[PDB]
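Below: one protein chain in two forms, given as structure tokens, structure 1 then structure 2.
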Structure 1
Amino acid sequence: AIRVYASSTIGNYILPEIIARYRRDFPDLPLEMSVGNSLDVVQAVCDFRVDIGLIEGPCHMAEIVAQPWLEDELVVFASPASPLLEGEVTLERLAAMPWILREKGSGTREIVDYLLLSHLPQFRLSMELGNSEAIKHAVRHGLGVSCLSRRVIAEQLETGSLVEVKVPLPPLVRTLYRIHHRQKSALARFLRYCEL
């Protein structure tokens, strides 16, 4: 049996298909998947409840072995009818927007705090939501702007109900990590399917 805990982006937009490919080639092999945020994954790995954990924020703990797994780009997005789309986008223009952010303790919020909102002086924090679907649908209804992994809003980017905003910053690329406890099981068979 394998126990995997993934953060929101991974557990909802990367992991389901991997399990499909895994349980296709290995039926009768158990897999219990749990999805929370990056903090919940880290604490669940520390408690010896899961075998491996997949996080989208950093993790600098002595008892945790973190290895880079995939790359992921966060994007500022807005509704197509947003005034931010017309004209040159600057830092001061982005700080003046109503930002809908993920709760503190999520990897998305921590990374965007480091790469983006760190340079938006006194950015207006309009709403804090505990999941990215509520953030996605709020932004597409013109309730503000946000920053999420491209995997979360991919379908809405192609459909058109959400438009990527050109940010005057280097691309907001982040690393998704695989973690496990140092002091801690057919994982090699499962880790095969997490390769590109």
Structure 2
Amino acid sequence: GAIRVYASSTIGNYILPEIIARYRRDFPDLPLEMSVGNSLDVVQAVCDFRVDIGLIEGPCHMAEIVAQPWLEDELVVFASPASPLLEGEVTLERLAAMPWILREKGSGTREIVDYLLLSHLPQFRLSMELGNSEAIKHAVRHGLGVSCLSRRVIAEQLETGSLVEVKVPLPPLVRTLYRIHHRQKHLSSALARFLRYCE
């Protein structure tokens, strides 16, 4: 059972590592390969049969590619504890006045935040875009601005207090993570075993 997985950045780096550690405790000798990228990377790899399953953090439809809900996930606005955002009332207008550090388009996490969060921030200040969420976390920590990422990405820093979650006058920015596979490819027993660990 040489399983090949392709996951988007939030899934690959901040969810799957724990899942993989457990899977390898009970199965240290079974080959496991995981690539991490963005949505189009994942879907194209499934479409090309170069991987067995894909895991994406935003819907990305492709004909002949089946997608099934897998996990809910909540995106969270966060800041340095010394941020000027926390010096006053967290209003929508003061939110848009802060410099925003966002992921690039095609990351999934960028698409959902556009929909649930930044669409309600008129003329919001875009400071920079960064290609990975780790650089974003540390840029916010050093005061370059604020951002919006899955809670699972920043939980470590929320617990230490190097980053702080912001209360936003909006409904929770909840999304769904999807599992995808080609319509033709058949689920292997080893593959179905690995997926149970992901639940």
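Sequence positions of structure 1, starting at 1, serve as the residue numbers. Whichever C-alpha set is largest while still superposing within 1.5 Å between the two forms counts as the rigid core.
S.K.: For the core superposition between structures 1 and 2, please identify the residue among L143, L70, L129, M61 whose CA shift reaches 2 Å or more.
M.R.: One residue passes the 2 Å cut-off, namely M61.
S.K.: Taking the rigid core as reference, does the Cα of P170 move 2 Å or more between structures 1 and 2?
M.R.: No, the C-alpha moves less than 2 Å.
S.K.: Relative to the superposed rigid core, does the CA atom of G160 travel 2 Å or more between structures 1 and 2?
M.R.: It does not, since the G160 C-alpha is displaced less than 2 Å between structures 1 and 2 after the core fit.
S.K.: Mind pulling the C-alpha shift for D51 between structures 1 and 2, with the rigid core superposed, in Å?
M.R.: Taking the core as reference, the C-alpha of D51 is shifted 0.9 Å.
S.K.: Core superposed, what is the CA shift for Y13 between structures 1 and 2, in angstrom?
M.R.: That residue's C-alpha sits 1.4 Å away in the other form.
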